[PDB]
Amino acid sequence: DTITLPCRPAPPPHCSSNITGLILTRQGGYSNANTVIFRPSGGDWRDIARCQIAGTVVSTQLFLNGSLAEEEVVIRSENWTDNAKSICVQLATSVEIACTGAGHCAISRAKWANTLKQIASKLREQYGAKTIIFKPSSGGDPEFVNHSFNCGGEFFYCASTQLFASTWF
């Protein structure tokens, strides 16, 4: 089983990349419960650029062909208590995304679940032993509400809604 992401236009098969990192925004407020909610970053290119874990590919919500961590996932932030500051997530082992060329790119469900589980473990380290929830993007312009990237002179928009629908304990 794989996670299928709708992409427009159709990314050619040679644009398949390695997911090496993520950038997230922690939701503000509180729910009177031991839950912490994270979404794909609501910032702009400034948040992405300052992570410093990106490659030559220009991408949003996901670092493609970027730097990888050595041993385990590493999360960084300029201020963990400032929800206006994005959280840079650097994977240790990348997750491959395969674009068939018919308008959708695929991701291994089991491999993506394990990486999310590792990130939630590291997030619990910075915010206490709490429930970690991933939710889709809060909204924005198409290049930021979607996972976007450049490849061979073209720009592609992929809906990352299915990539953040999990709850972890």
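Just count from 1 along the sequence shown to find any residue number.
- Remark: stretch with higher mean C-alpha B factor among 33-41 and 57-65 is 33-41.
- Mean CA temperature factor is higher for 114-122 when stretches 134-142 and 114-122 are set side by side in the entry.
- In the deposited entry, the Cα temperature factor of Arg109 places it in the highest third of its chain's modelled residues.
- The deposited CA B-factor of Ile19 belongs to the middle third of values across its chain.
- The PDB entry assigns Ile3 a C-alpha temperature factor belonging to the highest third of its chain's modelled residues.
- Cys99 sits in the highest third of its chain by CA B factor, as recorded in the PDB entry.
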